[PDB]
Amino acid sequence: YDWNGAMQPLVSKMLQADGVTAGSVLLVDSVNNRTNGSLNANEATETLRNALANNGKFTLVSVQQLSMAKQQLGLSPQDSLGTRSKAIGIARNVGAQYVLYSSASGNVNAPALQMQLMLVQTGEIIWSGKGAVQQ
């Protein structure tokens, strides 16, 4: 999988969208696998975090911060932060201005990457993008 090839253009387009301020605190939700096969979740998520830390200079909420925040909110330690209310609950504790959701879907050998950026303050989706993940 060429995750950069998919992720770089989408990050670049997210950074050009109005309402997205570079250098702000961003909570990056782990990439969710909805394909028909197994995918390395945290390898895709690491790529993403890199693309975001390098382009547009966000301060990312760290793994340990998230773990701690989950525990302060009584969530299970492995909680994926699927739902929006859990993500916002967590975002508020850690001081994040944005939440980024992403997921890969469709066929395992030809996934579709989709991403959405949520403004924490209001809960609104201010940006959305999709790209195909090649090899």
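The numbering used is simple: start at 1 and walk along the sequence shown.
Judged by mean Cα B factor in the deposited record, 76-84 ranks above the other of 76-84 and 60-68. Look at the mean CA B-factor for 10-18 and for 115-123 in the entry; the higher one is 10-18. Comparing the listed residues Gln97, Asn40, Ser102, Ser105, the entry records the largest Cα B-factor for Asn40. Within the group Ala51, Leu27, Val31, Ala110, the record's highest C-alpha temperature factor is found at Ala51.
Sort the chain's modelled residues by C-alpha temperature factor and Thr45 lands in the highest third, per the entry.
Looking at the C-alpha B-factors along this chain, the one for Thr35 belongs to the lowest third.
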